[PDB]
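Trainee:
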Amino acid sequence: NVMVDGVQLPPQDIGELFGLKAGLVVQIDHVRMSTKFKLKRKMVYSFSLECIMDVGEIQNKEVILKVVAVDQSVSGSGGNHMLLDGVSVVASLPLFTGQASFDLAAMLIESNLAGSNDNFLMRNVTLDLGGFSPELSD
């Protein structure tokens, strides 16, 4: 729902972006992830598997976040056992299911919204994904 390209270049600011994030305009949120790993094997072999995640969540007022639906799509070079282990660990990781190990620190937004300044308020978030089982490749 592209509206950030119009507010990415004016910072050259980030404080205005934080103030904008501070009626309510709390709409849905779209998360994109490309998590690449190098799952190896016991025998002499190797594999590189990356998973793309498109998450349809709901923005939160102040606390963490709110999620509606998720979606997963694996890819890369890897055997059946490699992708099986990867889809097993990505569903049972310290990620969103649990403490979510979310390092927000106003850093990912600073990469998306290009900026080199901070406003002393990180306002970290935490995903609450449902727990779907996208393990239908095998």
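Residue numbering for the sequence shown is 1916 to 1927, 1932 to 1941, 1947 to 2062, as defined by PDB author numbering.
Quick reminder that beta carbons are idealized off the backbone N, C-alpha and C, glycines included.
As an exercise, report each continuous beta strand (DSSP E) stretch of at least 3 residues that is fully enclosed by the segment 1987 to 2045, in chain order.
Mentor: If we require 3 residues or more, the beta strand (DSSP E) runs fully inside the segment 1987 to 2045 come out as 1990 to 1993, 1996 to 2001.
Trainee: Given a cut-off of 8 Å on the beta-carbon distance, is the pair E1974 and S1999 in contact?
Mentor: In the sequence shown, residue 1974 corresponds to position 50, counting from 1. In the sequence shown, residue 1999 corresponds to position 75, counting from 1. Contact flag set, yes.
Trainee: Would you kindly check if the distance between the Cβ of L1963 and the Cβ of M2006 is under 8 Å?
Mentor: Your numbering for residue 2006 matches position 82 in the sequence shown. Your numbering for residue 1963 matches position 39 in the sequence shown. Yes. Within cutoff.
Trainee: In terms of DSSP beta bridges, what is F1971 paired with?
Mentor: On the sequence shown, position 47 is the one that residue 1971 refers to. BP columns for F1971 are empty, so no partner.
Trainee: Please state if the CB of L1989 and the CB of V1917 are separated by a distance shorter than 8 Å.
Mentor: Numbered from 1 along the sequence shown, position 2 holds the residue referred to as residue 1917. Numbered from 1 along the sequence shown, position 65 holds the residue referred to as residue 1989. No, the pair does not count as a contact, with Cβ atoms beyond the cut-off.
Trainee: Give the DSSP-derived three-state secondary structure of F2056 in the structure shown.
Mentor: For the purposes of this step, residue 2056 is identified with residue 132 of the sequence shown, where counting begins at 1. Note: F2056 maps to coil in three-state DSSP.
Trainee: If you follow the alpha helix (DSSP H) that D1920 is in, where does it begin and where does it stop?
Mentor: Within the sequence shown, residue 1920 is the residue found at index 5, counting from 1. Per DSSP, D1920 belongs to the alpha helix (DSSP H) from 1920 to 1923.
Trainee: Taking just the CA atoms, how far does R1956 sit from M1967?
Mentor: As a first step, residue 1967 is located in the sequence shown; it is residue number 43 there, counting from the start. As a first step, residue 1956 is located in the sequence shown; it is residue number 32 there, counting from the start. Cα to Cα, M1967 sits roughly 34 Å from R1956.
Trainee: Thinking just about the alpha-carbon of each residue, which of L2051, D2009, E1935 is nearest to the one in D2027?
Mentor: Working through the sequence shown from its first residue, we reach residue 2027 at position 103. Of the candidates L2051, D2009, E1935, the one whose C-alpha sits nearest the C-alpha of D2027 is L2051.
Trainee: Below 8 Å between beta carbons: does that hold for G2039 and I1933?
Mentor: The residue labelled residue 2039 in the question sits at position 115 within the sequence shown. The residue labelled residue 1933 in the question sits at position 14 within the sequence shown. Against a cut-off of 8 Å, the Cβ pair of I1933 and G2039 comes out as a contact.
Trainee: For a test of the three-state rule: what should DSSP assign to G1947, helix, strand or coil?
Mentor: Taking the sequence shown and counting its residues from 1, the one referred to as residue 1947 is at position 23. Coil.
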